[PDB]
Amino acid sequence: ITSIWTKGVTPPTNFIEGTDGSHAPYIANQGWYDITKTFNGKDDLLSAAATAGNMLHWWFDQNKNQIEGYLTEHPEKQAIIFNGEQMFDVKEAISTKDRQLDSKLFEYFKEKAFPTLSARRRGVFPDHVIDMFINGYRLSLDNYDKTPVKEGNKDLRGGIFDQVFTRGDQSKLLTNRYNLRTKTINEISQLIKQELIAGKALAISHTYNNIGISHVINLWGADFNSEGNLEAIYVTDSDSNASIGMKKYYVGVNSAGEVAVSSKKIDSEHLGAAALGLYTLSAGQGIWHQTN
């Protein structure tokens, strides 16, 4: 009965029943993004990096003018260039943020940043990715905690906007994570609601079919009932093909008593996918104006 959506995101309305479930096809310039995998081998396990990408594309919206100003003053930072390669151009990503399959940012992530990750059966965490790209924090594949906030070497695969968003300053770290596995429906519900009303972009993780790596999706919207508990969430999915777009997931407490999500209602025949983690991204619009 009450629905809340991410700052800068116009709610889709074109919801139809699909093979997965209720989905509204993607349309560009609506605030939300749907980076999707080509399953070319290099990106088969990068759902977190696609999720991260989505939130970055949203970040590029919320800070457009701020960004283009920064880049004309910091042209050096415009490209990612080491080893004698030109690995990435940030201006290309912004030009192509609206594209789903061929988005020049996701192209960077799968082809240059984490190419060998899927063959190694390893993934990343969305926050780690964003913290690498923006602040230039070195990403570890074996880090199961938040990014260590300390002054450190720039990750060569990131730090585009690290002349503003520095390392070793809590004020400059834009991301946040919460373990959902230790919480019940009530606490998770309110937790999503606060972060969403606080104009943050949301990414949720859950158990997939792979035993090593969790799946991660973008949480754009959320429906809450009388009680203030999550009734349903609206998400994009890297693994879902481009024709799907915004999916409606039901949220409930399963037989096992874990909070879970699925394309269909949670029942006894439908255990759902248990929610593992929540990752948030602030737009950091105020950050550009707090340095002295």
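Residues carry their position along the shown sequence, with the first being 1.
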Give the stretch, out of 19 to 27 and 279 to 287, with the larger mean C-alpha temperature factor in the deposited entry.
19 to 27
Check the entry's C-alpha temperature factors for 106 to 114 and 183 to 191, then say which stretch has the higher mean.
183 to 191
Peak C-alpha temperature factor (PDB record), options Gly245, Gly53, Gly228, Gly69
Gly228
Identify, among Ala48, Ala256, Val235, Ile35, the residue whose C-alpha carries the highest B-factor in the deposited PDB entry.
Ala256
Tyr208 by Cα B-factor - lowest, middle or highest third of the modelled chain:
highest
Chain-wide C-alpha B factor ranking for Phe88, given as lowest, middle or highest third
middle
Third assignment of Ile217 from its chain's C-alpha B-factors
lowest
Entry-reported Cα temperature factor of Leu173, expressed as the chain third it lands in:
lowest
Among the modelled residues of its chain, the C-alpha B-factor of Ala119 falls in the third labelled highest
